Amino acid sequence: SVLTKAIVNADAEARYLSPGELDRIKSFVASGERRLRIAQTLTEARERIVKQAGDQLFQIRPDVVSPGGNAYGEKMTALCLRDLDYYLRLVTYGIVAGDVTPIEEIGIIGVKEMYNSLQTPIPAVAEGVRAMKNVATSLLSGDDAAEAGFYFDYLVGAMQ
Amino acid sequence: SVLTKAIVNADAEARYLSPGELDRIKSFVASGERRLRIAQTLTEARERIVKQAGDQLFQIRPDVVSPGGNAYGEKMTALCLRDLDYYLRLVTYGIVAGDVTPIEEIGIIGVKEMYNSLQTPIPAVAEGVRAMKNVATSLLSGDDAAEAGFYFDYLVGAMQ
Amino acid sequence: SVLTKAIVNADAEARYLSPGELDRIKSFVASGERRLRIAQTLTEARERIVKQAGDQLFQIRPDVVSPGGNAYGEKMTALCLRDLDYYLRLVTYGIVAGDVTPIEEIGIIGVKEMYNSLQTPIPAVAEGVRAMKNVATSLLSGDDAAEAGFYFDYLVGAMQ
Amino acid sequence: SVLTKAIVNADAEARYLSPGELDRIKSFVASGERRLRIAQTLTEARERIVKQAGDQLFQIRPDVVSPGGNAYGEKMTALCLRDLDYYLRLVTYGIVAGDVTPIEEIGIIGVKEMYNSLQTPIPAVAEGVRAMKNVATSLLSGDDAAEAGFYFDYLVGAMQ
Amino acid sequence: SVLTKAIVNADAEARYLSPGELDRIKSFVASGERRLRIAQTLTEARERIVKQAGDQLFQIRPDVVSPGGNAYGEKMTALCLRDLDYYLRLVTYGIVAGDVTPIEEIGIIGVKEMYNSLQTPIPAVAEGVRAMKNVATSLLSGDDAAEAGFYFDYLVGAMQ
Amino acid sequence: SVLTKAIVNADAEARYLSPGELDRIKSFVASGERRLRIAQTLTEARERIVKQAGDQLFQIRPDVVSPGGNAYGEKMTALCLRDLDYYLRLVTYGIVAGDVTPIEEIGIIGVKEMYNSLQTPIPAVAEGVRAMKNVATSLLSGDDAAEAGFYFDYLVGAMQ
Amino acid sequence: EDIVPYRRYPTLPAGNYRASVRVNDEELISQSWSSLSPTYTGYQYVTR
Amino acid sequence: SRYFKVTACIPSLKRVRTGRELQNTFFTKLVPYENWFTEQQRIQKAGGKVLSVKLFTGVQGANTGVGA
Amino acid sequence: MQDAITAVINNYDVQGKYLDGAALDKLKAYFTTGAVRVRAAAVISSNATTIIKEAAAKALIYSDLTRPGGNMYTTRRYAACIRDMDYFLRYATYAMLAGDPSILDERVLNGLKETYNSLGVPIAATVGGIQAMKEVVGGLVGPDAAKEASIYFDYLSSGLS
Amino acid sequence: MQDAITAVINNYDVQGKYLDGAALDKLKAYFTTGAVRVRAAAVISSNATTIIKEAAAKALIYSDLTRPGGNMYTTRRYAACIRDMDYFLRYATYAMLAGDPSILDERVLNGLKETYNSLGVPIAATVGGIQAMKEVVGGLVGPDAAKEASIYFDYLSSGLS
Amino acid sequence: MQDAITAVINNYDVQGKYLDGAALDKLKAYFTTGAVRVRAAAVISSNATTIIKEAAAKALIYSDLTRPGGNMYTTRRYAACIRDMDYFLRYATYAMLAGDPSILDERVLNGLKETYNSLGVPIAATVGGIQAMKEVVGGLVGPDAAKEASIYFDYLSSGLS
Amino acid sequence: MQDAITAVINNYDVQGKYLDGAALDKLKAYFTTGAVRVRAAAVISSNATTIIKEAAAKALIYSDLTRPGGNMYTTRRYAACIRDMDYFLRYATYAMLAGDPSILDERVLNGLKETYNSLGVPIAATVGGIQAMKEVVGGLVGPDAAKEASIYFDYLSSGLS
Ligand SMILES: CCC1=C(C)/C(=C/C2=NC(=C\c3[nH]c(/C=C4\NC(=O)[C@H](C)[C@H]4CC)c(C)c3CCC(=O)O)/C(CCC(=O)O)=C2C)NC1=O
Ligand SMILES: CCC1=C(C)/C(=C/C2=NC(=C\c3[nH]c(/C=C4\NC(=O)[C@H](C)[C@H]4CC)c(C)c3CCC(=O)O)/C(CCC(=O)O)=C2C)NC1=O
Ligand SMILES: CCC1=C(C)/C(=C/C2=NC(=C\c3[nH]c(/C=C4\NC(=O)[C@H](C)[C@H]4CC)c(C)c3CCC(=O)O)/C(CCC(=O)O)=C2C)NC1=O
Ligand SMILES: CCC1=C(C)/C(=C/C2=NC(=C\c3[nH]c(/C=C4\NC(=O)[C@H](C)[C@H]4CC)c(C)c3CCC(=O)O)/C(CCC(=O)O)=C2C)NC1=O
Ligand SMILES: CCC1=C(C)/C(=C/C2=NC(=C\c3[nH]c(/C=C4\NC(=O)[C@H](C)[C@H]4CC)c(C)c3CCC(=O)O)/C(CCC(=O)O)=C2C)NC1=O
Ligand SMILES: CCC1=C(C)/C(=C/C2=NC(=C\c3[nH]c(/C=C4\NC(=O)[C@H](C)[C@H]4CC)c(C)c3CCC(=O)O)/C(CCC(=O)O)=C2C)NC1=O
Ligand SMILES: CCC1=C(C)/C(=C/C2=NC(=C\c3[nH]c(/C=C4\NC(=O)[C@H](C)[C@H]4CC)c(C)c3CCC(=O)O)/C(CCC(=O)O)=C2C)NC1=O
């Protein structure tokens with residue numbers, strides 16, 4: 001969180017939290033209910049976001065659902081959208097934590113190696129997350145859609 | 001060479017070459033006139049091994065020469081056949097040196113980062129490199145074909 | 001051996017054995033049959049090599065078999081030839097492996113400290129080894145005599 | 001000196017001198033005139049001392065001065081006494097300094113490597129120094145002879 | 001002690017004691033009976049010394065014994081003289097050891113942190129020690145008074 | 001200076017100065033602040049520059065400080081560094097003015113005749129100046145070091 | 001815990017690559033550590 | 001003159017390093033008393049597990065002969 | 001470490017024996033397989049990534065292991081696991097070249113059982129990952145080399161259990 | 001570590017006692033033997049190498065220990081063994097100067113029994129190497145110092161057994 | 001560093017040329033002298049110490065250099081000088097094996113001239129120490145190798161002057 | 001570093017001379033002032049903190065130096081400055097004990113002028129801080145030692161200017 005990242009700095013210098021550190025915890029926690037609303041909206045539309053992301057992805061790059069494609073077939077496709085469902089979940093976690101610690105340990109450190117092993121185009125995959133952001137950004141009112149959008153763009157950022 | 005590799009170990013342990021190290025330089029240099037001769041067959045047929053490789057490569061994986069393919073078009077293909085020409089050249093260098101020092105600094109260290117940037121599909125490239133082995137090997141005697149084959153399989157090994 | 005030396009360096013760069021650090025092994029395998037044969041030949045004449053080495057030594061350095069000499073007396077001379085028998089044995093080991101390896105651990109690392117304690121003149125031990133080279137080398141074909149000679153000159157080198 | 005040694009330890013621990021360190025400087029400096037007298041007496045008899053050391057040496061080891069001896073001959077013996085003159089000089093330096101810093105940098109660090117190259121038998125150099133102790137010590141009062149003797153036994157110790 | 005200090009330096013450089021180190025052990029041990037007499041005299045007058053230090057202190061700093069002073073009151077003053085009794089004891093230990101090892105581990109390393117916590121003014125503790133020097137020194141011969149004085153000035157130094 | 005040189009050429013022609021000549025002077029004025037600063041910097045380290053120049057000189061030309069050398073001895077060497085101090089001073093003058101002018105009148109016109117009389121080897125004075133360039137130049141930024149370097153190379157040039 | 005240290009030439013901190021090239025493997029150790037007997041310097045030559 | 005004899009297991013959790021590393025993570029080492037407070041903190045701030053500790057060298061008593 | 005040849009040399013050195021006749025039979029065998037061990041080693045190397053992309057598929061992934069709560073859940077741990085797999089493959093290739101398992105003890109097995117217990121790494125699942133790579137290897141290397149490669153994978157797997 | 005003198009200081013420090021008559025008597029009993037300890041150390045140091053050689057000759061070499069199969073076979077291990085011997089001699093000389101065995105526990109005995117069990121180093125044979133160096137030492141140092149040097153060699157040897 | 005085999009590759013790589021006939025001829029000219037280089041290195045290595053001893057005896061010691069005021073006065077500096085000598089011998093042996101002087105520039109000559117000027121180390125005297133070791137080397141290695149060893153000693157010595 | 005005594009030993013060593021009358025006279029001139037040097041060091045050490053405080057008070061603080069824009073503005077830099085002051089005092093005390101300034105060159109002055117130019121540290125102001133500590137020192141140590149302490153403070157200050 002902001003807490004985990006910051007306290008760590010306190011303990012490492014053998015000291016209590018600074019006025020600054022205390023202030024940011026206060027400003028952060030004040031921005032809580034809003035962040036929780038952003039996660040709720042997106043949790044509530046997860047199935048729509050994933051599939052519409054999946055259509056947006058395969059138009060922008062179909063070849064993956066073709067004879068020599070990594071996601072070719074019904075159960076090779078059932079896995080690609082499942083991975084898109086995984087990353088949307090991690091994005092909701094990140095938004096409520098206010099940083100990436102959780103997103104990072106769960107789904108980027110070791111990935112690139114992971115995707116590479118399986119031979120999936122990494123840029124294919126970031127389209128798909130970028131596509132999920134669009135469907136989801138549209139089930140939220142203008143203020144909440146932006147707050148959600150930061151976490152989508154983070155995942156898009158990390159995967160590359 | 002074998003030397004560049006057979007001396008570096010000497011200097012790093014602050015010592016003169018071992019009987020073993022001296023012996024291999026001996027055996028290596030005795031195989032010189034012959035190693036030179038295996039690398040001359042391959043320059044003869046430089047553009048014909050490459051053309052033939054190109055075809056095999058695209059049967060086993062065509063999609064690269066298709067609308068959304070990295071090598072789609074006449075000059076996106078000219079570049080691809082050109083990269084195959086590059087690696088055959090490096091393979092002739094390696095064979096006459098008796099190790100990979102030259103092959104490595106010129107065309108594998110940094111190759112992941114280069115091709116990831118270009119989003120050339122690297123793993124297709126390994127298969128393309130493999131095809132050249134098949135063609136080149138059919139223009140060499142059994143004994144010379146094996147000696148050549150080790151260097152082809154090295155690039156295939158690195159490359160991925 | 002040649003194997004041990006190659007491998008130990010390999011694991012050191014987290015790498016696979018390359019096309020050079022394979023050629024030496026192949027040379028060694030062919031060499032090993034010849035190498036095994038030379039060791040057997042040396043083993044057959046061991047008593048003659050030691051004894052004639054011991055005469056050649058005491059002519060060239062009569063001081064070690066004199067009042068204030070380390071090898072003065074019948075049983076101070078008996079142990080001296082036994083040490084010459086030890087080193088000939090280690091030389092057969094070195095030849096067969098193709099790499100000196102085990103001989104170093106068995107009879108040069110620590111040898112200065114051992115002999116300094118016993119007060120044995122090291123450089124006259126080096127002479128005893130040259131003397132063995134001369135005898136052993138006269139029981140081997142030109143090519144095999146040279147191959148053997150490298151290992152004799154190594155021991156002579158390490159006692160220095 | 002005693003000063004140099006005390007200070008170097010002080011500076012290395014970033015501190016002023018200890019009561020102990022101050023005390024030894026005081027006891028040392030009180031012995032100044034006495035130490036200077038000990039050096040004078042020995043400087044005054046230098047030519048006699050080396051010689052009597054040189055006689056004591058050649059009786060005990062007539063071999064060094066024998067066919068295969070490092071000091072065999074008139075000018076191989078002349079250099080040998082010159083080396084004995086060198087070490088007596090360094091011993092006078094040590095006595096007036098109250099430690100070995102000077103003795104050490106000038107004539108023991110590197111001495112093994114020097115004499116091994118020249119093939120000089122080190123332990124018979126140690127004997128030449130004992131021989132000088134015996135002569136020098138017979139020209140000094142009991143108390144001064146002991147104080148001198150520590151520095152002779154140090155050199156004897158370092159050649160070991 | 002002088003022994004501990006000499007040895008620790010010896011062992012840390014993997015060597016026997018130096019002529020210097022041996023000399024100081026000899027001079028030190030010769031002063032044994034004298035050093036023991038210096039400790040006895042001071043042990044014999046401990047109650048008087050602490051008191052006269054305590055008077056000298058409260059004249060020079062009547063504030064420490066004032067409303068906002070660390071030693072204000074009858075039992076805040078009782079503990080203060082007890083601390084003065086502690087340090088006189090450690091000074092007797094140091095004098096018989098011939099260095100500070102014991103004085104240091106028992107009562108200076110950590111003393112800043114201890115007294116900062118208790119909010120004791122360190123420099124006025126240093127004054128209490130000067131005051132003890134003045135009293136103790138008036139019960140010792142000139143020569144013994146100086147020898148004692150070094151250890152008092154050390155403690156004064158370490159609280160700094 | 002740059003001023004003196006420009007004017008003298010103007011007056012010789014008996015016509016007022018030009019308007020692109022009013023360009024070199026303008027450049028010099030801006031340059032002068034930087035030029036003044038470089039001279040001050042050189043002046044600050046004068047003793048270090050001279051001394052280190054003097055070591056660099058006597059290594060490169062030990063013959064001048066040898067039996068038949070112009071600078072042989074302690075006070076023949078003292079005057080030699082004093083001459084090196086003279087020329088560094090003149091170099092600071094030259095830099096500041098922007099034109100060499102005064103240095104020529106002070107220390108090159110007549111210098112052959114002076115040193116020939118004293119029998120001073122001129123080309124080794126030129127070396128002493130190169131040595132000063134090397135030291136001085138290591139205390140200046142790249143741009144300022146070059147600007148300074150022109151004046152050092154001039155003096156080196158004039159002693160020729 | 002267990003890698004024996006080696007020379008580095010690291011790219012990153014800015015200026016550090018060239019400083020590193022210079023400190024190690026470009027400029028060696030001068031100055032004799034001990035202060036005991038200065039080297040005289042007037043004798044470069046070994047004629048005989 | 002007091003050496004503790006600790007044992008830990010630290011698991012890399014930020015990088016997936018690619019060569020070796022077995023001994024880097026599961027190891028026994030006497031570490032001197034002066035530094036053991038920091039080494040323990042360093043093991044703990046990396047999510048390490050401190051399995052064992054011992055006094056090893058020093059007496060577990062103190063005051064004179066400890067802080068040498 | 002030791003190989004076939006140094007195993008024999010050190011066994012005789014401790015007795016101070018020159019190599020005798022039966023010992024020399026043993027060295028003859030190692031030079032007879034030296035060609036196949038080298039050709040075989042090469043094949044594995046360049047096909048490594050392909051090989052590893054078949055052992056995981058038949059023994060690790062598509063399972064609870066890769067799902068939340070599983071030890072190879074997270075890209076971090078998936079990466080660590082196939083990293084390990086590469087170690088095993090690579091070292092087994094060393095052992096088989098050397099014709100001696102001693103390197104598998106010195107540089108792979110020592111402490112590994114407890115390391116895995118301490119992290120929670122599932123031992124039985126790791127053994128299946130080893131015995132699946134063996135299965136693939138034995139197909140690729142052919143009759144010549146199948147039995148010889150196989151044993152050092154079996155050495156690895158009974159070293160954990 | 002501690003010596004005679006700091007042994008007493010720390011024993012009183014934990015009671016917070018100024019040194020009393022009993023303490024002062026102990027310290028005298030040390031100081032009064034001090035000059036003799038120094039002379040003895042100078043003999044041992046300057047004969048170090050000869051003591052090891054005569055001790056090895058009486059108690060270690062010319063034996064199965066130095067033959068193939070023996071723990072001091074190989075120049076490597078022979079060197080390690082007489083290296084050890086030098087440690088013992090050198091530290092015993094420290095203990096005897098200090099008049100306290102505490103250094104022999106802190107820097108020599110702690111863990112050494114098990115270290116030797118783990119390497120296979122023969123304990124009984126090492127004790128004989130210690131008690132042979134004592135024998136030589138006791139001749140060289142003379143009546144003055146013989147008993148005092150001897151005890152720290154005996155401390156070393158009952159520390160292993 | 002580079003060697004004859006490696007230099008041919010990097011010299012062509014910068015031109016992007018396959019190895020052609022001229023290149024292949026150069027590499028042959030190296031391989032064909034290779035066995036002789038190895039034998040020569042084994043002679044130098046095993047006579048290392050004697051070469052330094054005979055080279056110092058002909059070109060350095062018995063002189064003002066080893067006397068007070070001389071740069072190889074003091075056991076410290078005598079040791080440093082013959083230490084240096086061993087470097088030269090050892091690296092020249094590397095250069096001759098590689099058939100390329102580039103290592104002598106990268107790891108020996110770079111900055112050495114000024115290092116010697118800064119310490120006061122006599123350059124001319126050091127060159128004689130190099131050319132004396134060459135003289136000895138050329139006797140020991142024989143007709144086969146004499147000219148080839150010699151050049152890298154000559155490379156070293158014109159690198160200082 | 002060197003002191004009075006080793007200055008003489010090394011000056012004679014390079015000539016390979018035994019110490020003669022002139023040398024012996026120099027060493028006496030040091031020993032004869034030795035007890036006074038020790039007493040002076042004990043005064044300086046034990047008044048260290050007060051000397052810095054009185055020297056700063058006369059020559060540094062209550063000024064533009066301690067105000068915004070000044071080099072000893074900020075607790076950080078004020079701390080660094082009086083830290084430096086302690087170095088000077090402490091090393092000058094070493095130089096005066098040794099009776100040789102060589103330590104002030106080796107461990108204090110070398111590069112310091114340029115270090116101060118690079119950070120912006122005011123040189124003239126630092127010299128006044130040195131010459132104020134000298135003033136205080138000369139009062140505290142008395143007639144016996146005043147001139148001898150003073151010179152190494154003067155060595156320090158002409159080393160910067
Ligand atoms: C010797 C080491 C080395 C290599 C290998 C190298 C490759 C390289 N390939 C390039 C382009 C290219 N390379 C390819 C290659 C391919 N397209 C495909 O789909 C296939 C997978 C593949 C052919 C097998 C293509 C299509 C381009 C053009 C890409 C572009 O212009 O965006 C370029 C940029 C064009 C140029 O300026 O030359 C470089 C530098 N450069 C080097 O220094
Ligand atoms: C050179 C010899 C060598 C080996 C073999 C080795 C293994 C090894 N595996 C580790 C962790 C691990 N090993 C695995 C392995 C697996 N996960 C599974 O679920 C599967 C059953 C299995 C793969 C088939 C995982 C997931 C971790 C990470 C544990 C953690 O999160 O801390 C670690 C801890 C340090 C690190 O994380 O890198 C080591 C040292 N280290 C070595 O030095
Ligand atoms: C929460 C952290 C986390 C992630 C993300 C994760 C992904 C993951 N993706 C997998 C497969 C896959 N993933 C994909 C995904 C794609 N194919 C494409 O071409 C596209 C680029 C992309 C969809 C956007 C495909 C096609 C497979 C099947 C590959 C195969 O079976 O070889 C598998 C192996 C199947 C399984 O056992 O579950 C895992 C573990 N595991 C994790 O623990
Ligand atoms: C395999 C490795 C290895 C070696 C080489 C070895 C040598 C060795 N040589 C010994 C003695 C000896 N070695 C010699 C040898 C010589 N005298 C001379 O003057 C000549 C220079 C030289 C004969 C060429 C002599 C004379 C002794 C008896 C010395 C004594 O008893 O003091 C001893 C002690 C006696 C014993 O217990 O065996 C050992 C252990 N031990 C080993 O483990
Ligand atoms: C002050 C520090 C210092 C020392 C000690 C020193 C010694 C020294 N001894 C030498 C030779 C020698 N030294 C000796 C000495 C001996 N021969 C024996 O057998 C006896 C064991 C011993 C006499 C006790 C002999 C015989 C030579 C001639 C060796 C030769 O020329 O090969 C040489 C070479 C000749 C020369 O150029 O001077 C040096 C430099 N150099 C130094 O800078
Ligand atoms: C790996 C490549 C390499 C080389 C070659 C090398 C040379 C080298 N020689 C040095 C000193 C030296 N070199 C010599 C050499 C000689 N004295 C003489 O009078 C003779 C003319 C000559 C021997 C033939 C001496 C005497 C010193 C010591 C100078 C001093 O006292 O500081 C030093 C200074 C550091 C030190 O003292 O070790 C270096 C770095 N360093 C390297 O890293
Ligand atoms: C912006 C960062 C900064 C601070 C804070 C700072 C403080 C500072 N306080 C000073 C003195 C002082 N400061 C105090 C303060 C106090 N006396 C007490 O008893 C109270 C506890 C406290 C008031 C709350 C006193 C009494 C002096 C005079 C001390 C003396 O002259 O010896 C001085 C020396 C006088 C001078 O030259 O200005 C400085 C530099 N300097 C800085 O650069």
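Every chain is numbered from 1, with letters handed out A, B, ... down the list of sequences.
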- Message: Rounded at 0.5 Å granularity, tell me how far CZ in C:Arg35 sits from CG in I:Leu27.
- Response: 12.5 Å
- Note on the structure: Checking heavy-atom separations under 4.5 Å from chain I, one finds in residues 57-84 of chain C none
- Query: Among C:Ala30, C:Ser31, C:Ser1, which residue forms the greatest number of heavy-atom pairs with chain I at distances under 4.5 Å?
  - Reply: C:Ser1
- Task: Please flag which part of I:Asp3 lies under 4.5 Å from any non-hydrogen atom of chain C: side chain, backbone, both or neither.
- Result: both
- chain C shares the most heavy-atom pairs under 4.5 Å, among I:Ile103, I:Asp100, I:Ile9, with I:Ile9
- Query: Which pair of heavy atoms, one from I:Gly34 and one from C:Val29, lies closest together, and at what distance?
  - Reply: CA-CG1, 4.1 Å
- Message: With side-chain contact (heavy atoms from CB on, under 4.5 Å) as the criterion, how do I:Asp13 and C:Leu90 come out once you've worked through the C-alpha distance, each side chain's angles and the decisive distance to 0.1 Å?
- Response: CA-CA 8 Å; I:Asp13 188 49; C:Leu90 276 29; 3.9 Å; yes
- Item | C:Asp85 to I:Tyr18 - nearest heavy-atom pair and separation | O-OH, 2.9 Å
- By number, which residues in residues 6-22 of chain C have some heavy atom less than 4.5 Å away from chain I? C:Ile7, C:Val8, C:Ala10, C:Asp11, C:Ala14, C:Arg15, C:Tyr16, C:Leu17, C:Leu22
- Identify which of C:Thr4, C:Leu88, C:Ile25 forms the greatest number of heavy-atom pairs closer than 4.5 Å to chain I. C:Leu88
- Heavy-atom distance under 4.5 Å between the side chains of C:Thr92 and I:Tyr12, does that happen here? no
- Message: Below 4.5 Å, heavy-atom pairs only: which of I:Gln2, I:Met1, I:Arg37, I:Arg90 has the largest tally toward chain C?
- Response: I:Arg90
- So CG of C:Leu3 and OH of I:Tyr30: to nearest 0.5 Å the spacing works out to 4.5 Å
- Query: Taking atom CD of C:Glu33 as the centre, does the number of heavy atoms from other residues, nucleotides or ligands within less than 6.0 Å exceed 12?
  - Reply: no
- Message: Within residues 127-146 of chain C, which residues come under 4.5 Å of chain I, heavy atom to heavy atom?
- Response: none
- Residues of residues 40-47 of chain C within contact distance of chain I, non-hydrogen under 4.5 Å: C:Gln40, C:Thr43, C:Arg46
- One option among I:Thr93, I:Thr6, I:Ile5, I:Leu24 has the most heavy-atom pairs under 4.5 Å with chain C, and it is I:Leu24
- Message: Is C:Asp99 in contact with chain I via its backbone, its side chain, both, or neither, using a 4.5 Å heavy-atom distance?
- Response: neither
- Query: Measuring from I:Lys28:NZ to C:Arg37:CZ, what's the distance to the nearest 0.5 Å?
  - Reply: 5.5 Å
- I:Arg107 versus chain C, the contacting section by heavy-atom distance below 4.5 Å: side chain
